[PDB]
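These notes concern the structure reproduced below.
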Amino acid sequence: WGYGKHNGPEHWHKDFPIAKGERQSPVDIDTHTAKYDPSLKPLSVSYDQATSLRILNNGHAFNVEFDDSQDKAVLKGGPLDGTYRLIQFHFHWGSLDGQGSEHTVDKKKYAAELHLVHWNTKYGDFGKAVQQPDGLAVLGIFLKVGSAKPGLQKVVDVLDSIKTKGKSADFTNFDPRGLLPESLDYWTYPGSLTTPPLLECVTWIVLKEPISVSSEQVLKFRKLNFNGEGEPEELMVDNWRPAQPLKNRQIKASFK
Ligand SMILES: [O][B]1([O])O[C]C2=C1[C]=C(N1[C]=C([C]OC3=[C][C]=C(F)[C]=[C]3)N=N1)[C]=[C]2
Ligand SMILES: [Zn+2]
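Mapped onto our numbering, the consecutive letters of the sequence shown carry residue numbers 4 to 259.
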């Protein structure tokens, strides 16, 4: 599977029939139809003890991986019951500034979308958590092109060292707090992985406030390669799944 005409989102259902399931992601967030839920709690994002390890080009995106063998970087509160440990973050982005996000807001596409991936500690490991309807909590953050994001530049600067599929680099001592906007106001809904195997295991928490990144920062994302070293060059761009039908779901807002 991939993001080409021949292996992209329109083809995934043949290997992963859940692609046409009842709680697929991403979705369009209709801001006028989302329901303010005054009983939703503030998010608790606790990243002060986060231990970043490595950055990997996996042929679909790049992952910044964390030590998830202890409660070092956790997400709690909001719609969540219990404790979710940060395992990795990655992005989805476009070939052009007017596309790249997976979620949309009133049909608006952002230049990119950050996914901070967390798993429910009551399931013991990530592999068990993805088999559960409440196994993952993904914090989604939109990127718009404007001012540079200083907290992103360490990521941008290392991408030269992981250009091709299967390359990795040390990525210790990275603080993911530098990727957050000021506000933790959010939308939430039950959904899925946006990539095969498209498992319906995710509580989505999408922040209302986008972060700003510079044109030069997102340009560097677009110089990555989907291919391995010594293969024909395929730029890693447009690694996003389009919005899927909402079906029998309500999107809830933490704010009025
Ligand atoms: O880009 B996204 O769609 O957005 C959100 C998101 C994405 C991919 C993952 N993700 C996939 C894998 C692969 O590991 C697996 C192991 C066992 C499985 F059964 C499935 C996957 N690891 N993290 C997690 C969260
Ligand atoms: Zn993702």
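Quick reminder that beta carbons are idealized off the backbone N, C-alpha and C, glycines included.
Kindly give me the distance between the Cβ atoms of residue i and residue j, rounded to whole angstroms, as I take these residues to be in contact under 8 Å.
i: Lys-168; j: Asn-61; result: 7 Å
i: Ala-115; j: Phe-92; result: Actually they are not in contact, since the Cβ atoms of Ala-115 and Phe-92 sit about 12 Å apart, beyond 8 Å.
i: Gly-80; j: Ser-47; result: 4 Å
i: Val-240; j: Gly-97; result: 6 Å
i: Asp-74; j: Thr-124; result: 7 Å
i: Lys-255; j: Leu-43; result: 6 Å
i: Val-141; j: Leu-119; result: 7 Å
i: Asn-228; j: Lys-166; result: 5 Å
i: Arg-252; j: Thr-197; result: Incorrect: roughly 15 Å between the Cβ atoms, too far for contact.
i: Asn-230; j: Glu-219; result: The pair is not a contact, with the Cβ atoms about 24 Å apart (cut-off 8 Å).
i: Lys-211; j: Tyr-189; result: 6 Å
i: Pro-199; j: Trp-15; result: 6 Å
I need the straight-line Cα distance from residue i to residue j, nearest angstrom please.
i: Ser-215; j: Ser-186; result: 13 Å
i: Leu-99; j: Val-221; result: 9 Å
i: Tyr-126; j: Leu-139; result: 10 Å
i: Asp-128; j: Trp-122; result: 8 Å
i: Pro-12; j: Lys-23; result: 11 Å
i: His-63; j: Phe-19; result: 17 Å
i: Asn-66; j: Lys-223; result: 15 Å
i: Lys-112; j: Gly-101; result: 6 Å
i: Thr-191; j: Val-133; result: 18 Å
i: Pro-153; j: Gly-181; result: 8 Å
i: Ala-172; j: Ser-257; result: 37 Å
i: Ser-217; j: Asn-242; result: 19 Å
i: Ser-150; j: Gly-5; result: 31 Å
i: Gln-135; j: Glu-203; result: 8 Å
i: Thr-175; j: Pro-248; result: 39 Å
i: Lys-170; j: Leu-59; result: 6 Å
i: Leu-89; j: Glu-234; result: 33 Å
i: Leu-78; j: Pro-45; result: 11 Å
i: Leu-201; j: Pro-82; result: 21 Å
i: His-35; j: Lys-259; result: 10 Å
i: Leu-117; j: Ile-144; result: 5 Å
i: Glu-68; j: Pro-184; result: 21 Å
i: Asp-40; j: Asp-33; result: 15 Å
Could I get the ranges of all uninterrupted alpha helix (DSSP H) runs contained in the region 154-227, with 4 residues as the minimum, in chain order?
156-161 and 218-224
Along the chain, which unbroken stretches of the beta strand (DSSP E) at least 3 residues long are found entirely within the region 111-140?
With a minimum length of 3 residues, the continuous beta strand (DSSP E) runs that stay inside the region 111-140 are 115-123.
Between the region 101-120 and the region 205-219, do at least 3 Cβ pairs fall closer than 8 Å?
yes
Under 8 Å: do the region 49-60 and the region 27-40 share three or more Cβ pairs, one atom per stretch?
no
Scan the region 25-65 and note each continuous alpha helix (DSSP H) run of 4 residues or more that stays entirely inside, going in chain order.
none
Residue list, Cβ distance to ligand 2 heavy atoms smaller than 6 Å:
Per the Cβ criterion, the list is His-93, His-95, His-118 and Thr-197.
Hey, which unbroken runs of the beta strand (DSSP E) at 3 residues or more fall wholly within the region 81-114?
87-96
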